[PDB]
Colleague: 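Before I ask anything, here is the structure I am working with.
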Amino acid sequence: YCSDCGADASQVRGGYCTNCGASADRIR
């Protein structure tokens with residue numbers, strides 16, 4: 001999941017969370 005917004009990890013592309021724009025390293 002994204003620690004910044006809670007989106008599921010499957011929503012990350014191109015190095016960012018596609019919902020809130022967090023950098024990839026915010027995924028846990």
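Positions are given from 1 along the sequence.
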Colleague: So, the side chain of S3 versus the backbone of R26: is there a donor-acceptor pair under 3.5 Å, distance only?
Modeller: yes
Colleague: Checking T18 side chain against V12 main chain: does a donor-acceptor pair fall under 3.5 Å?
Modeller: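 Not confirmed, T18 side chain does not pair with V12 backbone.
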Colleague: Hey, are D8 and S10 close enough side-chain-wise for a donor-acceptor pair under 3.5 Å?
Modeller: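 The answer is yes; a qualifying pair exists.
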